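Below is one structure; the comments refer to it alone.
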Amino acid sequence: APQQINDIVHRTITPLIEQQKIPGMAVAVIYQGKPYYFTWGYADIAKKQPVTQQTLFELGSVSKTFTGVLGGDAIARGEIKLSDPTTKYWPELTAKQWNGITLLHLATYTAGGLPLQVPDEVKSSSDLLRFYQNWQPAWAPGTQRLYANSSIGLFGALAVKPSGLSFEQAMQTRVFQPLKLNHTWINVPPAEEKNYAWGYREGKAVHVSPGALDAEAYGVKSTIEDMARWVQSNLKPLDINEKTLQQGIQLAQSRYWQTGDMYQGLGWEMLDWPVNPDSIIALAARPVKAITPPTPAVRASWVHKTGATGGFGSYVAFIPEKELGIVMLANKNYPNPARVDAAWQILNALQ
Ligand SMILES: *[B]([O])([O])[C][N]S(=O)(=O)[C]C1=[C][C]=C(C([O])=O)[C]=[C]1
């Protein structure tokens, strides 16, 4: 690593780990389009297994970037349109509240107040149908944003329906494989368990538990190397050989809605670059303004996503205009503001 990167990263992350009591962490900085890796601490405290560049972390909601891109790829393929009604892909969804709710609304949390969490009791396909049928919107579609697993999760399941493929199969074949993300999993195979970090919550080792729409909303596990490659792909979509995937990436970074200083993409969220971290709560309802039509991906943006599971905390942010990015993977769920502060400190220094 160039000394500048080594220094800013270590001097920022070391105190972070100490203040937040993070067991293990991996960080990748993409600087002029080249990745640099850093690791600290334990993937498994009990077995004294260190974090390495091959350690798997639960990405939590950073998984939504993959879902948003897979969706974009499906649009590019002509398999779905975001202007399509949800019922086009789920005709059993007959309750009248669903009239006027489009795939766009699902993808961007603007359907009218879909719940943050799918209830635990919701297991089967029939359970899900009943859940969405019984749901009562607080608001008309496209008037407020409420971040929600049950929103983008449904979008993910529906977007792959035309493909004929299972969600995991579509993600594997259309996103992971093309991008050479060969150590990124919705389901961690036994051959890779040796690398799967434990999450820590209240000092107990924990992995994410199965749930409806988990794959779609929060279920991806990945290494720091793969996430660095994910950032590279999103920084420069044009280098991507597969046409629809290149387009899907671009679509995921389009600006569909504005709330305050932030713009909603598919999975990704964006703010105009430059900006201070200050500009960058269980339930937070905000009115949205439609961007009509959506603005194509803006190079001078801070594009980011935070993610958490019970035992993991992740963050990704990049700035296309400066070919610069960062991935922070930790096996403790620590406060978002601390993640954003650290990322900003590192990227600001290098930009
Ligand atoms: B995202 O990281 O913003 C989604 N947040 S969340 O609360 O759904 C994360 C999550 C998912 C599963 C579990 C579990 O199985 O205990 C915990 C937290």
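Bear in mind these aren't lab numbers, they're just calculated from the coordinates by the rules spelled out. Reconstructed Cβ throughout: ideal geometry from the backbone, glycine too, with neighbour counts over all protein chains shown.
Taking the options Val51, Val69, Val118, name whichever one is within 16 Å of the ligand (Cβ to nearest atom), buried (at least 20 other Cβ atoms within 10 Å of the Cβ) and not aromatic (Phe, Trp, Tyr).
Numbers: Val51 fails: within 16 Å of the ligand (Cβ to nearest atom); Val69 fails: within 16 Å of the ligand (Cβ to nearest atom).
Residue meeting the stated conditions: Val118.
Could you please find all residues in the range 163-182 being of a type outside the set (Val, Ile, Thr) and either surrounded by 21 or more Cβ atoms within 10 Å (Cβ to Cβ) or not in a loop (DSSP other than H, G, I, E, B) (or both)? It would help to see each step written out before you state the result.
At the first step, the residues of the range 163-182 found to be of a type outside the set (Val, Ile, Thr) are 163-172, 174, 176-182.
Within the range 163-182, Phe167, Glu168, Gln169, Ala170, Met171, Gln172, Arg174, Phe176, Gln177, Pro178, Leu179, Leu181 meet the criteria.
Which of the residues that make up the range 294-326 are farther than 25 Å from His105 by Cα, crowded, with 23+ Cβ neighbours inside 10 Å and within 15 Å of the ligand (Cβ to nearest atom)?
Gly311, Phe312, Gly313, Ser314 - these are the residues of the range 294-326 that are farther than 25 Å from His105 by Cα, crowded, with 23+ Cβ neighbours inside 10 Å and within 15 Å of the ligand (Cβ to nearest atom).
Testing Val160 on (1) surrounded by fewer than 17 Cβ atoms within 10 Å (Cβ to Cβ); (2) more than 24 Å from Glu225 (Cα to Cα); (3) β-branched (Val, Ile, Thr), one condition comes back false. Which one is that?
(1)
A quick yes/no check of all residues on (1) over 18 Å from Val220 (Cβ atoms); (2) more than 20 Å from the chain's Cα centre (by Cα):
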| position | (1), (2) |
| --- | --- |
| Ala282 | yes, no |
| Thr292 | yes, yes |
| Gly307 | no, no |
| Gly313 | no, no |
| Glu323 | yes, no |
| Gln345 | yes, yes |
| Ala349 | yes, yes |
